[PDB]
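**Student:** Numbering (PDB author numbering), first residue to last: 38 to 942, 952 to 1381.
Don't be surprised by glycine CBs; every beta carbon is placed ideally from N, CA and C.
Could you have a look at this structure, given as structure tokens, before my questions?
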Amino acid sequence: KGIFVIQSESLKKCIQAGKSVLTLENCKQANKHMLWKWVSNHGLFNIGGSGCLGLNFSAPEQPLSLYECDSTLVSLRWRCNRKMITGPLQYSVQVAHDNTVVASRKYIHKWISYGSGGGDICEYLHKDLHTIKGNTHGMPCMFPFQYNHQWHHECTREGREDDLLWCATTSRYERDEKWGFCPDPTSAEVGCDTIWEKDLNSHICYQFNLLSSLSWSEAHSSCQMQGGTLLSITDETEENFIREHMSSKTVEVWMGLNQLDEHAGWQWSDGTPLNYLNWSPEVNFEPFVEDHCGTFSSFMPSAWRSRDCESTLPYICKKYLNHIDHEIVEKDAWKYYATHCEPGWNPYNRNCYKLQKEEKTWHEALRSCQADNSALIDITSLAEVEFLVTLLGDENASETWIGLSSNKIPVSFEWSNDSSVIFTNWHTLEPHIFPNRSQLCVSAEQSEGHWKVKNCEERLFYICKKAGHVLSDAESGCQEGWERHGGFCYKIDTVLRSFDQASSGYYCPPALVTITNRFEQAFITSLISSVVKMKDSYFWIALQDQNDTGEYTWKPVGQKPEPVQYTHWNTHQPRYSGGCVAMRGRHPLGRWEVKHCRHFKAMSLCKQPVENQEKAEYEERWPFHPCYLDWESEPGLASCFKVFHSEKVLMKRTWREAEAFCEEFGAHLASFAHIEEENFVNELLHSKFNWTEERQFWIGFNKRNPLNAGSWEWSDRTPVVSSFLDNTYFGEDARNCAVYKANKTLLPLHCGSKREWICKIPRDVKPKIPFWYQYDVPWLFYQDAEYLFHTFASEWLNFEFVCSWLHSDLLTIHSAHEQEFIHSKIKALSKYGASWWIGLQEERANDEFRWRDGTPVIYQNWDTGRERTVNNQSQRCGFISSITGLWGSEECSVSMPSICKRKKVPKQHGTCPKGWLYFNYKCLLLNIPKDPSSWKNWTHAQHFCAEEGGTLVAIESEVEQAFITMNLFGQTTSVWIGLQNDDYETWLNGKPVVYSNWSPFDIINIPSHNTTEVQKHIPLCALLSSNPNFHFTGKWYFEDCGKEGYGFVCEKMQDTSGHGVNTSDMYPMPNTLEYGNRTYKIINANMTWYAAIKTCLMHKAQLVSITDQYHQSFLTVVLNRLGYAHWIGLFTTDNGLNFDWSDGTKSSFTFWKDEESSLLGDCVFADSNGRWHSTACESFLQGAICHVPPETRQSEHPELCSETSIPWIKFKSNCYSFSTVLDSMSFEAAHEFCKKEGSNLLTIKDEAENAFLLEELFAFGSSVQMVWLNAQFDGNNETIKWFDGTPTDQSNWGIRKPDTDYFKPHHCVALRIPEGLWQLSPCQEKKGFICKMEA
Ligand SMILES: *[C@@H]1O[C@H](CO)[C@@H](O[C@@H]2O[C@H](CO)[C@@H](O[C@@H]3O[C@H](CO)[C@@H](O)[C@H](O[C@H]4O[C@H](CO)[C@@H](O)[C@H](O)[C@@H]4O)[C@@H]3O)[C@H](O)[C@H]2NC(C)=O)[C@H](O)[C@H]1NC(C)=O
Ligand SMILES: *[C@@H]1O[C@H](CO[C@@H]2O[C@H](CO)[C@@H](O)[C@H](O[C@@H]3O[C@H](CO[C@H]4O[C@H](CO)[C@@H](O)[C@H](O)[C@@H]4O)[C@@H](O)[C@H](O)[C@@H]3O)[C@H]2NC(C)=O)[C@@H](O)[C@H](O)[C@H]1NC(C)=O
Ligand SMILES: *[C@@H]1O[C@H](CO)[C@@H](O[C@@H]2O[C@H](CO)[C@@H](O[C@@H]3O[C@H](CO)[C@@H](O)[C@H](O)[C@@H]3O)[C@H](O)[C@H]2NC(C)=O)[C@H](O)[C@H]1NC(C)=O
Ligand SMILES: *[C@@H]1O[C@H](CO)[C@@H](O[C@@H]2O[C@H](CO)[C@@H](O[C@@H]3O[C@H](CO)[C@@H](O)[C@H](O)[C@@H]3O)[C@H](O)[C@H]2NC(C)=O)[C@H](O)[C@H]1NC(C)=O
Ligand SMILES: *[C@@H]1O[C@H](CO)[C@@H](O)[C@H](O)[C@H]1NC(C)=O
Ligand SMILES: *[C@@H]1O[C@H](CO)[C@@H](O)[C@H](O)[C@H]1NC(C)=O
Ligand SMILES: *[C@@H]1O[C@H](CO)[C@@H](O)[C@H](O)[C@H]1NC(C)=O
Ligand SMILES: *[C@@H]1O[C@H](CO)[C@@H](O)[C@H](O)[C@H]1NC(C)=O
Ligand SMILES: *[C@@H]1O[C@H](CO)[C@@H](O)[C@H](O)[C@H]1NC(C)=O
Ligand SMILES: *[C@@H]1O[C@H](CO)[C@@H](O)[C@H](O)[C@H]1NC(C)=O
Ligand SMILES: *[C@@H]1O[C@H](CO)[C@@H](O)[C@H](O)[C@H]1NC(C)=O
Ligand SMILES: *[C@@H]1O[C@H](CO)[C@@H](O)[C@H](O)[C@H]1NC(C)=O
Ligand SMILES: *[C@@H]1O[C@H](CO)[C@@H](O)[C@H](O)[C@H]1NC(C)=O
């Protein structure tokens, strides 16, 4: 129970709010009245007050009061620096002269907790519980939430007949029904789905969290919170069990398998070893890419795949029920037993070992070990790995064969002895299965004991293990020490308590402990776990920062310059400089923490030294010249740095992209092992740049690995010395990477951002690119772009990056003429005459026609010899033949050569003829005929424009496109445009196509023809889509120039022979505007986002909500007229994940300026060109856009919408079920299922419901492709009708659809969910279905 009472540090009073504004009162029994808690949004929810502390930024001077956290009127966010309560814009709660808080920037003030006296108020900072299932796709609980006329701050019971705890995903349960069950480990009886009692005694339970699209990090978290763990596929038997026992056969789920540690190989998130593997080539293998997490599907093949962990997918949790003592798998694995052996052999704990240094094949080495009563080594515990690395400490001992190998095509790894596997230490990339060899054998490397597979025929050294028996009960190492380990002994005690302070000597004569390796850390963890006398204790460690510097370091024994090479910090633990390190005893055993040396209590640790004196440590000649002259560093520093201020010319880079760039030079994203390094890099930055903070640079500091304790780490393996924690502003889990700034400071960030960076390299530069082909760039002679022919063999999943580093990401073709030039050059006689890569990319088995450049593939030059080039999506990368130049697709890793390119070698207002619309120094006609007889084909409409004095529109810019779209609202007739398939890049008027709005699909998909075969004989003509679906609305495609059925837009510059009548539209600023079927108010005052919300509410309107591209287009013209930004009603309670509209309308429409712009803040505004931007809500902008809403009223029992049995989502007056979406099933079967359920198969009756569904189903992503629509296709008619007889008005097809495709047994129509189009399909296919009913 995290509730607390908050007291002023400087004044013995606390916040017992009371009515209206809160007040400072004595902590009398009113502590039993007013208490405080942290909730979903950072705000503080005052229990009893049933409120939520807010700050009115329009007038901060007013005393603070309690609001409803659903309120958008006031800023409710709060932040916690050291014992502060800090609001946005530097404000903070702070008592005025009077005893009432006036949160102000005036002066600092500090707060602490009553009761326990917690020195930090934020000891109970909120953590988000992800709901498992029941009405929502696994969102976090939103606290507090309004149940029946009352607020709740914790998961509750009342709502569900069943007694499991539940919560709401949205602030008000009554208004929105998105509830969900709450994680709980206690309710195992109903907490988990299926008990697989088949195991001997485990009674292992499984929870099949389908429907719960989550990132891997959140899935792992969720599974943990109930006491379970992400799925571990121990063996084929359990894999096949789950294969059948899961229900929705078409889903892909998270497992638990991962390679999140870039320095370690694939591993189960749980403690299970990775011995059984079912990798499938369905995913393409590359070592560098971000596919770090493992996905499993119950398809016919036994296949696992690699995905990006942030992707949202369902998952499965795994929990053993009998293992209460599971904290450590083995209890006595670390205790040393006095061992003896014969000459040549080295004794280790209770065993004999010997390394032969005789290169042998695996079979040869096994037979050699068998020559004696010995077998190749088997590793049972990390202690054996420690001994392995110690022995490989032999003079060369680079690698050794391990007594472990595979003997199956579906690989399962077993020892050379018929015994089970208990541990695995796979190297960074070496669980890699050589395609089909029957047996692959593992060798261990000397660096860390990392294992890697390879052909068993390889000749390598080998170590034979042998039995032994205890020599005696003596401990010759340190009889006085409590235990021995390796080359030291340990004498922990739970009596002496101060931080090593002793009258003489120390608590033990060798003083406090120092940790150099994870092996040592594990041993001491075992020690503490063995001697936990009283729970959650702490133990002192020699690491301290008493000479307050931030760079915590060991307390040095005599003249010892003891460095630090390993650390075990707790969650976001290395907070503040100064103090001493204490290691935790609570069940997260062994984690380190910082503590106060005069106030904290911890117990004594000891390290009896090596019985043989150690020699001198280092030579230290290396800083003579740490790196080549190319890189920068102090002479004397241990590493070198290089700052990358641009890409190609001035372009930035994502975090992982910059890291890969450092890697291809051999370096890492920079890291600070020392305050000296940090200061040196700051000084370098300020030597390079001005008195500016305009530049933010990437660094290695990151948090991308969540399976370990959530805490930051350097990508370079250097340990994190304390207090480099960028800021106390932690908890922003959405941000996972970090950036550096001048004045010695760091900022958390989202790794998806783009920035400049800096790489660090200790000793040796390894250029992989050498900046190839430094003068083969100039090719303007042929086109307007400069090309480059990369003759060096390279696969372009990576070479796209290097290609971008000077040019486009890859070459892309948009002209038969440029293709002729490319063929002429590529017709090279030498090895350069091989096939060549191009930017042509495939994203699915379908969707094989997108450039990685991002442009749609509008021009075709395929070779027709291989139209079946899919190879289960492996062949996804395009290439051109050297002999003909015809294209082809290939598996991307083949790494043939490639190419690159890059795109750089009187406006007076006037009169507008009648009927035309004057928009921007020009007039548009926008002829949309109402008569079929009046329709013109493109080659005719050109005549009309010419005779009228203009030409077909040339859409020069997004504002022109938006104007045309807004002047095309209700006319569902597409309209010609003035560009031709002959040249996608030049408008008919003769100027380049800089702007473009090509449709995502069907650009050349003429229904009456093949895509390509007859197209090459037919001219094609541009055409502006009038489709009412925002994915297509105002988009461009092509159609037969001779076709008819489409209007035309003529353009002609304004007639300047007279008044500049554009003033008639420029001058007026109508306070109210009408468009489509709604009315807008343009406010033009100085205000924040909250102020704009309040202003719209003080008006009768509400802050605008933009649900479609038509309204977005109108607002684009409006804002272009106004000339400056305005607020809009889009905001997010959570940082940059998913925004919501202030007025509560749901729509998937989004019009961001750029992908990263979504992340720059919490409240959204619109640019002068309409494009959206996120930003801090406290910013001040000179206007806003309100819209008048349609008024409606509600019933008394709409909460009837959902029962306790089924996940029913309420929308307006009807409920939809989405659980059935994944239940792939046939048409009539779905019909009958809904019928018997007491509902009807989905019916799209209005645009509001259409948009609501298109948004809601986006939560499942690619988990479903199509859904059945309850519409009958008439037999001898083209008509389509809902089961209720209502017309099919809402129907939509990207291009006008002929009925000629349905079979006599009528085809049945479904909804292509990712894009929203309709499509008739064979009626017996298996698809998802959605029931719907009234509330
Ligand atoms: C829209 O209205 C808001 C209303 O708040 C307005 O924001 C306010 O702007 C003023 C002016 O920038 C801020 O006042 C400043 O606050 C700082 C706080 O440290 C003071 O230091 C400033 O005084 C110093 O600087 C002055 C010259 O800049 C000197 O003359 C003076 O002697 C001091 O040296 C100054 O008072 C005010 O803080 C904000 N409001 C909030 C809540 O922060 C905003 O600017 C308006 N928008 C537009 C476009 O005008
Ligand atoms: C887009 O639509 C275009 C409109 O149709 C044309 O309209 C013109 C109006 O003046 C007509 O002149 C033109 O036909 C002319 O035909 C004469 C020869 O006359 C014979 O053929 C016509 C049909 O072409 C027939 O109606 C007569 O009775 C007679 O048998 C010819 O010498 C001229 O050059 C014109 O072609 C209409 N038809 C055509 C085909 O031009 C049309 O022009 C255009 O082709 C359409 N777009 C595409 C891609 O076909
Ligand atoms: C946050 O602070 C702002 C600014 O101090 C508050 O705005 C003010 O709210 C009052 C109402 O409490 C407004 O008074 C009303 O003005 C209208 C104007 O037409 C008048 O018709 C009413 O009879 C009444 O007098 C006041 O104008 C308004 N001032 C501004 C600059 O907007 C706001 O109420 C505060 N909100 C919260 C939740 O504390
Ligand atoms: C932190 O950043 C600043 C700016 O990027 C670094 O330079 C400092 O910049 C400020 C102006 O922003 C300078 O102040 C000016 O000083 C002159 C002195 O003649 C004065 O006439 C001006 O009116 C103004 O006050 C400041 O001097 C300057 N200091 C230095 C050392 O360059 C600053 O160095 C950065 N600090 C760190 C630790 O990186
Ligand atoms: C190990 O072998 C290398 C050559 O393979 C040799 O240079 C080196 O001196 C040997 N000893 C050690 C300790 O590396
Ligand atoms: C391991 O090898 C020994 C002989 O070295 C053998 O007796 C034993 O059975 C093997 N392990 C198992 C589980 O059988
Ligand atoms: C498959 O395994 C055999 C083992 O003899 C090996 O020669 C071959 O290179 C492997 N790969 C393929 C594609 O056959
Ligand atoms: C700081 O370091 C000096 C040695 O240079 C030492 O004598 C002194 O006690 C240290 N002070 C603290 C607070 O650690
Ligand atoms: C910094 O900018 C000022 C602008 O006045 C200029 O005088 C100075 O030379 C610049 N210095 C550097 C290092 O860019
Ligand atoms: C994969 O190949 C098989 C033939 O072995 C084919 O039946 C299947 O359709 C392919 N997969 C896809 C997604 O096309
Ligand atoms: C083109 O469409 C026709 C339709 O009859 C079909 O016969 C032919 O095989 C198709 N060719 C290609 C290359 O798609
Ligand atoms: C505008 O919306 C109202 C809503 O009741 C509807 O009755 C009216 O027909 C609509 N007008 C147009 C032109 O769509
Ligand atoms: C075709 O449509 C008409 C209504 O326009 C309807 O009466 C008739 O039954 C339909 N015929 C078939 C075969 O569906």
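Which one or two residues does DSSP pair with residue 242 in a beta bridge?
**Tutor:** Residue numbering aside, residue 242 sits at position 205 when the sequence shown is read from its first letter. DSSP output for residue 242 lists 232 and 356 as bridge partner(s).
**Student:** Residues near ligand 7, CB to any non-hydrogen atom under 6 Å, in chain order?
**Tutor:** Those residues, listed in chain order, are 472, 473 and 474.
**Student:** Please classify residue 1144: does DSSP put it in a helix, a strand, or coil?
**Tutor:** Taking the first residue of the sequence shown as 1, we reach residue 1144 at position 1098. Three-state result, residue 1144: helix.
**Student:** Do you know how far the Cα of residue 453 is from the Cα of residue 579?
**Tutor:** Taking the first residue of the sequence shown as position 1, residue 579 is located at position 542. Taking the first residue of the sequence shown as position 1, residue 453 is located at position 416. Looking at the two C-alpha atoms, the distance is approximately 43 Å.
**Student:** For the candidate residues 378, 765 and 237, whose alpha-carbon lies nearest to that of residue 612?
**Tutor:** Position 575 of the sequence shown, counted from the start, is the residue given in the question as residue 612. Closest option to residue 612, Cα to Cα, is 765.
**Student:** For residue 136, is the beta carbon positioned less than 7 Å from some heavy atom of ligand 12?
**Tutor:** On the sequence shown, residue 136 is found 99 positions in, with the first residue counted as 1. Residue 136: no, Cβ never under 7 Å from ligand 12.
**Student:** Is the beta carbon of residue 374 sitting closer than 8 Å to the one on residue 382?
**Tutor:** Taking the sequence shown and counting its residues from 1, the one referred to as residue 374 is at position 337. Taking the sequence shown and counting its residues from 1, the one referred to as residue 382 is at position 345. No.
**Student:** What are the boundary residues of the alpha helix (DSSP H) that includes residue 993?
**Tutor:** Counting from 1 along the sequence shown, the entry for residue 993 is found at position 947. 984 to 994 is the span of the alpha helix (DSSP H), which, as asked, contains residue 993.
**Student:** What residues in its chain sit with their C-beta under 7 Å from that of residue 560, if we drop five residues either side in the sequence?
**Tutor:** In the sequence shown, residue 560 corresponds to position 523, counting from 1. Hits under 7 Å: 371 and 522.
**Student:** Does the beta carbon of residue 420 fall short of 7 Å from some heavy atom of ligand 10?
**Tutor:** Within the sequence shown, numbered from 1, the residue matching residue 420 stands at position 383. Answer for residue 420: no, Cβ out of range of ligand 10.
**Student:** Helix, strand or coil: which one does DSSP assign to residue 261?
**Tutor:** Locating residue 261 in the sequence shown gives position 224, counting from the first residue. Helix at residue 261.
**Student:** Using the three-state DSSP reduction, which class does residue 63 fall into: helix, strand or coil?
**Tutor:** Taking the sequence shown and counting its residues from 1, the one referred to as residue 63 is at position 26. Residue 63 falls in the coil class under three-state DSSP.
**Student:** Going by DSSP, which residues form a beta bridge with residue 132?
**Tutor:** Within the sequence shown, numbered from 1, the residue matching residue 132 stands at position 95. In the DSSP output, where bridge partners are listed per residue, residue 132 has 138.
**Student:** Would the stretch 1116 to 1127 count as touching the stretch 960 to 974 if we require 3 or more Cβ pairs under 8 Å?
**Tutor:** The answer is no - the stretch 960 to 974 does not touch the stretch 1116 to 1127, with fewer than three Cβ pairs under 8 Å.
**Student:** Let me check you understand the geometry: is the CB of residue 1331 closer than 7 Å to at least one non-hydrogen atom of ligand 13?
**Tutor:** Translated into the one-based positions of the sequence shown, residue 1331 becomes position 1285. Residue 1331: no, Cβ never under 7 Å from ligand 13.
**Student:** CB-CB under 8 Å to residue 487, same chain, minus the five flanking residues each way: which ones, in chain order?
**Tutor:** Start at 1 with the first residue of the sequence shown, and residue 487 comes out as number 450. Same-chain partners within the cutoff: 301, 302, 462, 463, 464, 465, 467 and 481.
**Student:** Which one of 698, 449 and 933 has the shortest CA to CA distance from residue 274?
**Tutor:** The count along the sequence shown starts at 1 and reaches residue 274 at position 237. Ranking 698, 449 and 933 by Cα distance to residue 274 puts 449 first.
**Student:** Can you round the beta-carbon distance between residue 1080 and residue 1194 to whole angstroms, since I take them to be within the 8 Å contact cut?
**Tutor:** Reading the sequence shown from its first residue, position 1034 is the one you call residue 1080. Reading the sequence shown from its first residue, position 1148 is the one you call residue 1194. In fact, because the Cβ distance is near 16 Å, the residues do not count as touching under 8 Å.
**Student:** Is the beta carbon of residue 125 within less than 7 Å of some heavy atom of ligand 1?
**Tutor:** The residue you call residue 125 lines up with position 88 of the sequence shown. Flag unset: Cβ of residue 125 not near ligand 1.
**Student:** Mind checking whether the beta-carbon of residue 730 lies closer than 7 Å to any heavy atom of ligand 4?
**Tutor:** The residue you call residue 730 lines up with position 693 of the sequence shown. Flag set: Cβ of residue 730 near ligand 4.
**Student:** Starting from the C-beta of residue 62, find all residues in its chain whose C-beta is less than 7 Å away, skip the five residues before and the five after it, and write them out in chain order.
**Tutor:** Position 25 of the sequence shown holds residue 62. 50, 51 and 53.
**Student:** Here's the rule I'm using: 16 or more other beta-carbon atoms within 10 Å means buried, otherwise exposed. How should residue 663 be labelled?
**Tutor:** Taking the sequence shown and counting its residues from 1, one reaches residue 663 at position 626. By the 10 Å Cβ count, residue 663 comes out buried.
**Student:** Select from 200, 323, 801 and 42 the residue whose C-alpha is nearest the C-alpha of residue 70.
**Tutor:** The sequence position of residue 70 within the sequence shown is 33, counting from 1. If we check each option's Cα against that of residue 70, 42 comes out closest.
**Student:** Taking C-beta to C-beta, are residue 246 and residue 352 nearer than 8 Å?
**Tutor:** Walking along the sequence shown from the start, residue 246 turns up at place 209. Walking along the sequence shown from the start, residue 352 turns up at place 315. Result yes, Cβ atoms of residue 246 and residue 352 sit closer than 8 Å.
**Student:** Taking only the alpha-carbon atoms, compute the straight-line gap between residue 266 and residue 229 and give it to the nearest angstrom.
**Tutor:** One-based indexing of the sequence shown puts residue 266 at position 229. One-based indexing of the sequence shown puts residue 229 at position 192. The straight-line gap from Cα to Cα measures roughly 12 Å.
**Student:** Considering only C-alpha positions, which residue in the set 46, 84, 91 and 111 is nearest to residue 1136?
**Tutor:** Here the question's residue 1136 lines up with position 1090 in the sequence shown. Ranking the options by Cα distance to residue 1136, first place goes to 111.
**Student:** Under 7 Å: does the beta carbon of residue 1166 sit that close to some heavy atom of ligand 9?
**Tutor:** The count along the sequence shown starts at 1 and reaches residue 1166 at position 1120. False, no ligand heavy atom lies under 7 Å from that Cβ.
**Student:** Nearest-angstrom Cα distance between residue 89 and residue 104?
**Tutor:** As a first step, residue 89 must be located in the sequence shown, where it is residue number 52. As a first step, residue 104 must be located in the sequence shown, where it is residue number 67. Using only the alpha carbons, I get a separation of about 5 Å.
**Student:** What separation, rounded to the nearest whole angstrom, lies between the Cα atoms of residue 1358 and residue 1373?
**Tutor:** Against the sequence shown, residue 1358 aligns to sequence position 1312. Against the sequence shown, residue 1373 aligns to sequence position 1327. Using only the alpha carbons, I get a separation of about 11 Å.
**Student:** Could you check if residue 111 belongs to the surroundings of ligand 3, using beta carbon to heavy atom distance under 7 Å?
**Tutor:** In the sequence shown, the residue the question calls residue 111 occupies position 74. Correct: residue 111 has its Cβ closer than 7 Å to ligand 3.
**Student:** Rounded C-beta distance between residue 79 and residue 116? I'm assuming under 8 Å.
**Tutor:** The residue you call residue 79 lines up with position 42 of the sequence shown. The residue you call residue 116 lines up with position 79 of the sequence shown. Right, their Cβ atoms sit about 6 Å apart.
**Student:** Can you tell me whether residue 256 is helix, strand or coil according to DSSP?
**Tutor:** Here residue 256 corresponds to residue number 219 of the sequence shown, with the count starting at 1. Three-state DSSP puts residue 256 in a helix.
**Student:** Across the stretch 1075 to 1090 and the stretch 910 to 917, are there enough close Cβ pairs to call them in contact, namely three or more that are closer than 8 Å?
**Tutor:** The stretch 1075 to 1090 vs the stretch 910 to 917: no contact.
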